[PDB]
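To start, the structure itself, in structure tokens.
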Amino acid sequence: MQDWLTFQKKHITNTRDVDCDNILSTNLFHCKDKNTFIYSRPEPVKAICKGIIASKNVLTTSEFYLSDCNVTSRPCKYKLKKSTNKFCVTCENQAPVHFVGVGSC
């Protein structure tokens, strides 16, 4: 439910330029306040949780290329934020199931 499958579509992007406008206006996001996407494949991101079976929030050993879509002054209209930082993923069954935050946990 709140697991890697849902985590992927909502956080795993393969482009630095995620079009927040269209992508976030789907029912998958429904234009919430913001959404931090990770520019990296699901494999190297799932590998962060490699060996973590028990639900455990872990902070990454390095920074990743993040693209954060955040709402502007207008609802469902976003500003792209391209940055590089670490992030804490809640690892369960060797897969990131919940997103904690960027920088540290």
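Residue numbers in this text run from 1 along the chain shown.
Every residue gets a Cβ built from N, Cα and C, even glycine.
The annotation active site, proton acceptor is assigned in Swiss-Prot to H11. Taken from Swiss-Prot, the feature active site, proton donor covers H98. Residues or ranges marked as substrate binding site in Swiss-Prot: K32, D33, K34, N35, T36. The annotation disulfide bond is assigned in Swiss-Prot to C20-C69, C31-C76, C49-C91, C88-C105. The pyrrolidone carboxylic acid annotation in Swiss-Prot covers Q2 and is backed by experimental evidence.
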Around the C-beta of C88 (disulfide bond), how many further C-beta atoms are within 10 angstroms, looking at every protein chain?
19
Within 8 Å of the Cβ centre of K32, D33, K34, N35, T36, which other residues of the chain have their Cβ, at the recorded substrate site?
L24, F29, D68, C69, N70, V71
At the level of the C-alpha atoms, what whole-angstrom distance separates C88 (disulfide bond) and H98 (active site, proton donor)?
9
Using a 10 Å cut-off on CB atoms, tell me which of the recorded positions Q2, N35, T36 is the least crowded.
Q2
Candidates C31, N35, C76, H98, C105 (recorded positions); nearest Cα to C91 (disulfide bond) turns out to be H98
Length of the line joining the Cα atoms of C49 (disulfide bond) and the residue listed as 'active site, proton donor', in Å:
11
By a 10 Å Cβ neighbour count, the lowest-scoring of the recorded positions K32, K34, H98 is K32
In all the protein chains shown, the tally of other Cβ atoms within 10 Å of the Cβ of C76 (disulfide bond) is 14
Sparsest-packed among the disulfide-bonded residues, when each Cβ's other Cβ atoms within 10 Å are tallied, from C91, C105:
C105
If one measures from the C-alpha of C20 (disulfide bond) to the C-alpha of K32 (substrate binding site), what distance in angstrom results, rounded to a whole number?
11
Rounded Cα-Cα span from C76 (disulfide bond) to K32 (substrate binding site), Å
7
Cβ-Cβ neighbours of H11 (active site, proton acceptor) (radius 10 Å)
20
